[PDB]
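A short write-up of the structure that comes next.
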Amino acid sequence: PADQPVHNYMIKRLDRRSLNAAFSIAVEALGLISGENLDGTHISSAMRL
Amino acid sequence: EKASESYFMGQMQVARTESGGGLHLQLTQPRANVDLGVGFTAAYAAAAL
Amino acid sequence: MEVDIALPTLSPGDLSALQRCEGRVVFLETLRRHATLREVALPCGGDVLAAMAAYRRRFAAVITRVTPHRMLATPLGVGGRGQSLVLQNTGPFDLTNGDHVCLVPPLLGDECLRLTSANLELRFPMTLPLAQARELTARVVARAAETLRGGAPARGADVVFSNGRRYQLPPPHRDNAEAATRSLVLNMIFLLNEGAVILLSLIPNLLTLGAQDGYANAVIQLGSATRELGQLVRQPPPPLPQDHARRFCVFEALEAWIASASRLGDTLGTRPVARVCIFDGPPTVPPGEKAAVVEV
Amino acid sequence: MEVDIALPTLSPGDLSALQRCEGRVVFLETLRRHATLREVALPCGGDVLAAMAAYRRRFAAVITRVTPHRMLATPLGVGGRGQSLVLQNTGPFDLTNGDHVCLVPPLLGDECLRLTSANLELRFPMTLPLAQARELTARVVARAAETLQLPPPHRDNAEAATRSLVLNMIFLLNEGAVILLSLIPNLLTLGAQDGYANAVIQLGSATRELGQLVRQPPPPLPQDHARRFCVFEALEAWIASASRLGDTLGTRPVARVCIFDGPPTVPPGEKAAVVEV
Amino acid sequence: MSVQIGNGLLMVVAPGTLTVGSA
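Okay, structure coming up:
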């Protein structure tokens, strides 16, 4: 006897990855960038820049 | 092939933590993927040695 | 600081069994922002010695909320100012308020979450107060030792009192193999025997002294200032020429024993990792439910 | 809190030398806020055992910055169990992520930072991982116990270390100890029927040369052997005493290395982050 | 009529720990 036409279903699950990277900033240079330790001199401005 | 892969990028975000004195900013990005074709859609040949 | 764990596609139903573990402590490898359940895992049955030794080469971390996507975890050692956290007690007996906790592997009848779905097993350690944890291992090994030499069948000493409810110390070779803790027994008995041997070889006359005066006077003058009977320790005979198969240098053995005893005494836990500071709750937490704690 | 170590004036030929020491640890005597450079200053090489015995009374402090005026520091452990800091690996061995660190006085001498501008010099201790500091202190105490890269002892403090050792050794022997000693043949006959048992016994274990020379009778029963039992007390004592042997001989570790980003290994002579325990 | 916008202020001053460590 003939074969009836066949039907089939299939599913694929997701795959999960991630990416990352570090950005560590120094200990003497953010409060010139945060302006806390900034003192008013013609020398510290250049260092903040 | 023309489209051998389905790819989803999540949303970037920052997670930060203090160590090594300074600040340690840590970028992350969750991302997922899953093939988009019945049967194999990629192969290699190993040409040289 | 916080790290999640890539939780593989396990199953329906069994995930709701993993969810029952929201206070157990698991050991990572390194502090990244992404781990995998594939690595934070041990054989459900393995020796307790090497597991206790591995518990140091790694970092500790507790399990906060677990979600079908992933479970989040917070480490213990690293951190700042000692934040608070929950710690589901799993021990054989409860832990009282205002004390310390230690982490020892499951010396007794093993427990493990047999994740049969993705074919892997998790083995969580135990949480015991320091006082009883310093001596439970001694109970296990003393039992094993008295069984070794074929002695009296029993004495009625396989019990430990704690907050009244006396524990029974379930019988051996019931849940685990007897070989689960035999390496610990060997490595701890052999070292003490070697220490006693080396000592008595240094001081031969130690035991022929007065059973109540010579020994006591020797110790009271040794712990005190430098009487030392000049050189109290005796002079050892010369050794063999290093090609004779019977060479025995006492001091080489002494160095070996010092090193090995240090290596053991380190990897035994017995160092507090956290301290209970419960507040607005029942005064003491029976075994099986969670409790508030501060890391040390 | 931040200890402030003051400085005299110095020639720039050595200020740049001291400036390259930004992660080494010093040893104060008191935890006053201010302190002068003369306070933290040891003589040149000498008395490794005595020096190690000195690190157990004063408490350490790592320095963090060097300005041409002052020199900051940090009390190592008085109030912090998570104070993330930096100290440079000044030993011969590189160290991996995870293990603790222990301070030991240097060897061979020649690791002395001489400042002729004030006729003083320092001796920064090296930093070793535990699994090796233990072996080092073991070798040194064992060698110095014989005189009842190798420097000799001085015999004026060796006896103190031998006392510290023999004391912990002698107090281990108790009524229980002889019971455990009564099975050395019963142990050796076991260490020949399986593999791991033969492995756990070392080769020159000084006890394979006892079960083959001396026989002992059944152990004498103790007094009141119907109520108490000695072996468990003996093993509790042994655990309690072995858990604090490296303390009385070497020194307790102070910090374990943690690294989030860089490669795990940090080769000698390079800075590396850490969290103190 | 007494609870948590000054008991607001009060609890969750919480999500501020760096106040960075760097100049």
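Residue numbers (PDB author numbering), protein chains in the order written: chain A, 100 to 148; chain B, 1036 to 1084; chain C, 1 to 296; chain D, 1 to 148, 168 to 296; chain E, 1 to 23.
Don't be surprised by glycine CBs; every beta carbon is placed ideally from N, CA and C.
Could you check if residue i is buried or exposed, using at least 16 other CB atoms within 10 Å of its CB as the buried criterion?
i	result
D:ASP213	exposed
D:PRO125	buried
D:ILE189	buried
residue 25 of chain E	Residue 25 of chain E lies beyond the range of chain E shown here (1 to 23); nothing can be said about it.
C:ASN89	buried
D:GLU295	buried
C:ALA256	buried
A:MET146	exposed
C:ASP4	buried
B:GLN1061	buried
C:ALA274	buried
D:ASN205	exposed
B:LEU1084	exposed
D:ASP175	exposed
C:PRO237	exposed
C:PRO12	exposed
D:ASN217	exposed
C:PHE161	exposed
D:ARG123	buried
Relative to the C-alpha of residue i, which residue among the options is closest?
i	options	result
D:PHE248	D:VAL197, D:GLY45, D:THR96 and D:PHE93	D:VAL197
D:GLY77	D:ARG70, D:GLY91, D:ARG58 and D:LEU95	D:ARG58
D:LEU72	D:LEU28, D:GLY82, D:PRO236 and D:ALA131	D:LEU28
B:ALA1050	B:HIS1059, B:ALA1038, B:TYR1042 and B:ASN1068	B:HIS1059
D:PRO287	D:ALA259, D:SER201, D:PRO92 and D:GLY210	D:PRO92
E:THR17	C:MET1, C:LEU207, C:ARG20 and C:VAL40	C:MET1
D:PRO241	D:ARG234, D:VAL250 and D:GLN235	D:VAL250
C:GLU111	C:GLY45, C:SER84, C:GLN132 and C:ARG166	C:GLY45
C:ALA60	C:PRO282, C:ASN205 and C:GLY269	C:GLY269
B:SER1041	A:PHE122, A:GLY134, A:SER123 and A:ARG115	A:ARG115
D:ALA138	C:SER260, C:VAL293 and C:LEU264	C:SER260
D:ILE203	D:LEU222, D:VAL233, D:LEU191 and D:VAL185	D:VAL233
C:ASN163	C:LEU209, C:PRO171, C:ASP94 and C:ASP175	C:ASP94
B:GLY1056	A:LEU118, A:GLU127, A:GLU135 and A:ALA120	A:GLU127
C:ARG20	C:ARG155, C:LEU113 and C:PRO170	C:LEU113
C:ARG166	C:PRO172, C:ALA157 and C:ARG174	C:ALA157
B:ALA1067	A:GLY134, A:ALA121, A:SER117 and A:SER123	A:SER117
D:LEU191	D:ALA253, D:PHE279, D:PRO68 and D:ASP266	D:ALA253
D:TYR215	C:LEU107, C:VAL40, C:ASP47 and C:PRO12	C:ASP47
C:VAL104	C:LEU37, C:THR127, C:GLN221 and C:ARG155	C:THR127
D:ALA53	D:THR36, D:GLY265 and D:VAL276	D:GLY265
D:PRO283	C:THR30, C:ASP14 and C:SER16	C:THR30
E:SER22	A:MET109, A:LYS111, A:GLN103 and A:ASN136	A:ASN136
C:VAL86	C:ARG70, C:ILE63 and C:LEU107	C:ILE63
C:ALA17	C:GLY223, C:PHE279 and C:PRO68	C:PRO68
D:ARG263	D:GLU146, D:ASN187 and D:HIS244	D:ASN187
What residue range does the beta strand (DSSP E) around residue i cover?
i	result
residue 310 of chain C	This structure does not reach residue 310 of chain C, given that chain C is present from 1 up to 296, and the question cannot be answered.
A:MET146	Careful: A:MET146 lies outside any beta strand (DSSP E), inside the alpha helix (DSSP H) at 143-147.
D:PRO12	That residue, D:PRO12, is in no beta strand (DSSP E); its alpha helix (DSSP H) goes 12-19.
C:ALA73	70-75
D:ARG114	113-115
C:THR64	60-66
C:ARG275	274-276
B:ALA1050	1048-1053
D:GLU178	D:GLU178 -> not in any beta strand (DSSP E); alpha helix (DSSP H) instead, spanning 177-189.
Grab the span of the alpha helix (DSSP H) containing residue i for me, first residue to last.
i	result
A:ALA125	Per DSSP, A:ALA125 belongs to no alpha helix (DSSP H) and is neither H nor E.
B:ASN1068	B:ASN1068 -> not in any alpha helix (DSSP H); beta strand (DSSP E) instead, spanning 1058-1069.
C:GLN132	130-148
D:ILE5	Premise fails: D:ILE5 lies in the beta strand (DSSP E), 4-6, not in any alpha helix (DSSP H).
E:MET11	6-12
Return yes when the C-beta of residue i is under 8 Å from any heavy atom of the ligand MN, and no when it is not.
i	result
C:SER260	In the structure shown, the ligand MN is absent, as is every other ligand, since no ligand is present at all.
Stretch pair the segment 3-10 of chain D + the segment 109-123 of chain D: three plus CB contacts closer than 8 Å: Yes, the segment 3-10 of chain D is in contact with the segment 109-123 of chain D.
Whole beta strand (DSSP E) elements within the segment 198-256 of chain C, 3-residue minimum: With a minimum length of 3 residues, no continuous beta strand (DSSP E) run stays inside the segment 198-256 of chain C.
At least 3 beta-carbon pairs within less than 8 Å: the segment 1074-1082 of chain B vs the segment 136-144 of chain A: With a cut-off of 8 Å, the segment 136-144 of chain A and the segment 1074-1082 of chain B do not count as touching, because too few Cβ pairs lie within range.
Segment contact flag, the segment 172-189 of chain C with the segment 221-234 of chain C, C-beta cutoff 8 Å, min 3 pairs: The segment 172-189 of chain C is not in contact with the segment 221-234 of chain C.
Meets three-Cβ-pair contact criterion under 8 Å: the segment 131-144 of chain D and the segment 191-211 of chain D: The answer is no - the segment 191-211 of chain D does not touch the segment 131-144 of chain D, with fewer than three Cβ pairs under 8 Å.
Cβ pair count under 8 Å reaching 3, the segment 128-136 of chain C against the segment 93-107 of chain C: Judged by pairs of C-beta atoms under 8 Å, the segment 128-136 of chain C touches the segment 93-107 of chain C, as three or more such pairs exist.
Runs of beta strand (DSSP E) lying entirely within the segment 20-47 of chain D, each at least 3 residues, in chain order: Listed in chain order, they are 25-27 and 34-36.
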